[PDB]
Structure formats: C-alpha cells, structure tokens
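Heads up, the thing below is written out as structure tokens.
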Amino acid sequence: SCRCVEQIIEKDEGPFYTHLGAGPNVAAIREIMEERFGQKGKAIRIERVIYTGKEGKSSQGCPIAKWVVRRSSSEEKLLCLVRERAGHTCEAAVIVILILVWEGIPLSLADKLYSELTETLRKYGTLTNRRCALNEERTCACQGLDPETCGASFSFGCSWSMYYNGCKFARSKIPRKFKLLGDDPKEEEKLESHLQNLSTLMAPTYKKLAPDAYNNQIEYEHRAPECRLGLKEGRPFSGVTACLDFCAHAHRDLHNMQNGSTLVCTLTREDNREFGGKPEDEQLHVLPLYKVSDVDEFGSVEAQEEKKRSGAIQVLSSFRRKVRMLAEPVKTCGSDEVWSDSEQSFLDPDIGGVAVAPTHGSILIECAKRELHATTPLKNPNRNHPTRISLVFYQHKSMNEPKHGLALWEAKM
DNA sequence: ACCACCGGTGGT
DNA sequence: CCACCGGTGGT
Ligand SMILES: O=C(O)CNC(=O)C(=O)O
Ligand SMILES: [Cl-]
Ligand SMILES: [Fe+3]
Ligand SMILES: [Zn+2]
Ligand SMILES: [Zn+2]
Ligand SMILES: [Zn+2]
C-alpha cells in the first residue's frame, strides 16, 4: 500500500483514507460490514459512488442534489457508500466514505429530542455564525430572511481555537459547554443532560460501525477528559452542533481532527416520520463531487435500473426557481428576486451531487474533514418548527490537553 | 501568498 | 464596548 500508481493524486481519485473501512473489492466491504453490524444480506445495502471532482451547485452557488439515495424498505438497516479508487488493484482499492444506520436511536427518544431542542433553542439559543451558512458571494438567503425564524446552527461542547492552538476554554475558570442566552443554569442543565445522554448513546454505535475512526478519537480520552462529551467510558466526541433548517453550503470541516469522523443524528418534523410517506418538504445531505454508478453493489446494470425505477435511487431533473439575493454581502468577523436554476449541473453527466435522505432517528457517519458535503435549503425554513434538525458530533484537532489546555496556556503568558 | 474561520475574558 | 490571544487547508 501502495504501488498501483507512483503518485496518489487526490484531485483525480478523491481523498484517500481507510478509517471507515477499506478492502480489495466491494465484496470485501460487505463482509466487513456484515461482521460489524451483525447481520447479512438484505439488511446491508452498498452503493458505489464515483468521484468526479466537479461540484454540483445552482447558478447562484447553492447546494443541489442530482440523485437521492433513499431507504429501499424497512428491511434495509445499514447503507454504505463506497468509492472504488480509479485504477487501483491493492488491498485498499475500495474505501467506505459514508455509513448510514437507518434505525440509529429509539424513535421515542428522537421524538422527544426534536420537541425539547426546538423549544430550548428557539427561546434561549445563541446562534453560531459559520462560513458555510452562505454561498461564495455571501449574498444568498438560503436560511431565510426572517431573523426570528431563519435556519441556524448552534454549537456546544469544546472547539479548537487558533488563538490558543487548542481548546477555546483555555482561559475559562468555569466553562459552560451548553451556554444559552442569559444565565439560566437550569435550562442549560436540561440541555446538557439531553446532549450528554445522546453522546453516551451514540458512542457504542460509533465503535461498532467505524471502529478504526472511533479508536482514533478515544486515544487521549484520559489525558483531556474535560474536552470530551459523554457519561460513560468511551468518549470520542468533543463538540456538538445542532442545525435547525440550516442550509450548509458545500464545505469541509477543516479543523476536525485527522483520521476521525463526524456522526450526524437526524430528527425530522412530524410529517416525515413514516416509511413511504410524502412529506411536504425535506432536507438532504449531499456529496457534491460524486455521481452514482451505472451498476449496483454486485455489478448488475439491471439491478441498478430497478432501483432507479423503484425510487431507491431517485434521479432528479433540473429546476428553475425564484430566490432572494441580498443587496449587500454579509460581512466578516434589502433583497431582490433573482432566477436560480440548476440546468448547467444537469447537462454534464460528470457534475456530481449524490444525496442521501436521512430519516428520523438515523445516524450518518462520514469523514467531514476530507469529503466535500452540504445540505439542501428548505422551501420555507423555520427553526421554530424545523423540517430537519441535525445533531453533528465531532472532535477538533489539538484537543488533547487537560483542563481545556489551561496549564499549557498559562505557561505561555 | 492570503482569505476566512462550529470565540471567550477582562477591563473601560 | 473594546483589546487581547494567532493555526492552516484550499486555492
Ligand atoms: O446536517 C448535516 O447533515 C450536515 N451538517 C454539516 O455538515 C455541518 O454542520 O458541518
Ligand atoms: Cl471528520
Ligand atoms: Fe460539515
Ligand atoms: Zn445559498
Ligand atoms: Zn493501490
Ligand atoms: Zn475543552
């Protein structure tokens, strides 16, 4: 690993990593995933996706899907997207780039988190501004224009800071990982309890399904316990962000730790909680640099055509829709109605845009640090009653010092 | 190079 | 409100 080519050119074959899983061929991946998940056959679904490196986006630079991978039946339990690396014959020729557990957390818990997080964050949440909230031009209105109701991200836990080259709480006597508006310890305590319990629950699923990435993220658990979430032995997570009707424009999460992954737990509005329902709107998670294969897991063309006809792979067509654009770009540190369309993305077969439609209670695992990814904008974003909430669990780089890096920073001053 | 980032504290 | 801390991938 590796002599297939003299140079691994990642802009040609895609980013190379094996910590979600890797093998000589697709069959080897099924064996790995069958072993990990504890079931065989129909319970596991593998889709081959192809890295094209050409980004699907609207004429305004905002996220679009060209294909949607949807849960095929209630019998399908685990979805894995795999990349067969262009021109490789070695033991890591095929790598796993996304794992989706459809039935991730109990539905009663997912129902409750959706209510409680919506209510808490609408009343007390302080929003976190991120780069990926806007397009390149900084002029789109994908989140909505009503500041009371627009899509938003709320970040909790620990985060890396360039100022300390370590945890942002380096100088905080009593850090509040779950800081809400004002100073209401009781509401923060409730929110902490929800997210800590969820961290605790998701850790063993992470270990089960992506053991190498998991084991990477727990290597320094005992050195930096204050920079970890979770209430039981085994604490891979450090930060968590709640995204409510939030359109994440194409991005990578660049200060996530090397060789780790992100877990996304999805909660949906009450009209999208039944298999085979037709919700009024939905949000998709998109890999803009990939296209779907002409062939299914096992190499059949016909089987892939079956899936396209059944809607297990939804082939989308281009749109031409009215959208808002701000008169001034949003800064660092009025609006007009414009035409937005996706026609150019659909004319080129090699422009990417593979989406998955995560369901209520599902858990998605991907290397967000390395893979370009995005979420689609809602028709009418409303964080007071969101179409989708994502809870995104991660660990940043350089979060391996005790007490949020207090001692190390003191040594510096 | 060079932009822009899932920021918090202490003192006016 | 303000000054104070300044690491890097993508391009
Ligand atoms: O919500 C999702 O599915 C994707 N979220 C992100 O990529 C993010 O918050 O960085
Ligand atoms: Cl990641
Ligand atoms: Fe992301
Ligand atoms: Zn946009
Ligand atoms: Zn090779
Ligand atoms: Zn910390």
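Chain naming here is simple, since letters A, B, ... match the order of the sequence lines and numbering starts at 1 in each. When reading the values below, keep in mind they use all heavy atoms of this one structure, side chains included, and skip hydrogens, waters and symmetry mates.
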Is the charged tip of A:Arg223 near the ring of A:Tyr220: under 6.0 Å from the six-membered ring centre and within 45° of its axis?
no

Quantified in whole Å, what is the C1' atom distance between nucleotide C:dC2 and nucleotide B:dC6?
24 Å

Are A:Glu343 and A:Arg320 within salt-bridge range, i.e. N to O under 4.0 Å?
no

Rounding to an integer number of Å, can you tell me how far A:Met162 CE sits from B:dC3 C1'?
11 Å

Report the relative orientation of the aromatic rings in A:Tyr290 and A:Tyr51; use parallel for angles under 30°, tilted for 30 to 60°, perpendicular for over 60°.
perpendicular

How would you give the extent of chain A contacts on DNA chain C, as first and last nucleotide 5' to 3' within a 4.0 Å heavy-atom cut-off?
C:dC5 to C:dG10

With a 4.0 Å cut-off on heavy atoms, is A:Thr241 in touch with a base, just the backbone sugar-phosphate, or nothing at all?
base

What does A:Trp160 touch in the nucleic acid at a heavy-atom separation under 4.0 angstrom: a base, only the sugar-phosphate, or nothing?
base

Test the consecutive nucleotides B:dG7 and B:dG8 for base stacking (six-membered ring centres under 5.5 Å, planes under 30 degrees) and report the result as yes or no.
yes

Under the rule of Watson-Crick or G-U wobble with both distances under 3.5 Å, where | means paired to another strand and [ ] a crossing pair, DNA chain B maps to |||||.|||||.

Per the glycosidic torsion and the 90° limit around 0, nucleotide C:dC4 is anti

Closest to the 5' end of DNA chain B, once A:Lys179 and A:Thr332 are matched to their nearest nucleotides, is A:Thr332

Classify the nucleic acid contact of A:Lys412 as base, sugar-phosphate or nothing, counting any heavy atom under 4.0 Å across all strands shown.
nothing

Judged by each residue's nearest nucleotide on DNA chain C, which is more toward the 5′ side, A:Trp409 or A:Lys397?
A:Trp409

Looking only at the side chains, is there a donor atom on one of A:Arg321 and A:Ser340 sitting less than 3.5 Å from an acceptor on the other?
no

Testing the 3.5 Å rule here: is there a donor-acceptor pair between the side chains of A:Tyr164 and A:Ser398?
no

When we call it a touch if two heavy atoms are under 4.0 Å apart, what does A:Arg131 touch: a base, just sugar-phosphate, or nothing?
sugar-phosphate

Would you mind classifying the nucleic acid contact of A:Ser172 as base, sugar-phosphate or nothing, using non-hydrogen atoms under 4.0 angstrom?
sugar-phosphate

Output yes when A:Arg176 and A:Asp183 qualify as a salt bridge under the 4.0 Å nitrogen-oxygen rule, no when they do not.
yes

A:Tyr206 vs A:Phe237 aromatic rings, parallel, tilted or perpendicular, using cut-offs 30° and 60°?
parallel

In whole Å, what separates the P atom of C:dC4 from that of B:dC5?
22 Å

Between A:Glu410 and A:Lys403, is there a side-chain N and carboxylate O pair less than 4.0 Å apart?
no

What's A:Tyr394 touching, base or sugar-phosphate or nothing? Going by heavy atoms closer than 4.0 Å.
base

Backbone N or O of A:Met325 within a donor-acceptor pair of the A:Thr139 side chain at under 3.5 Å?
no

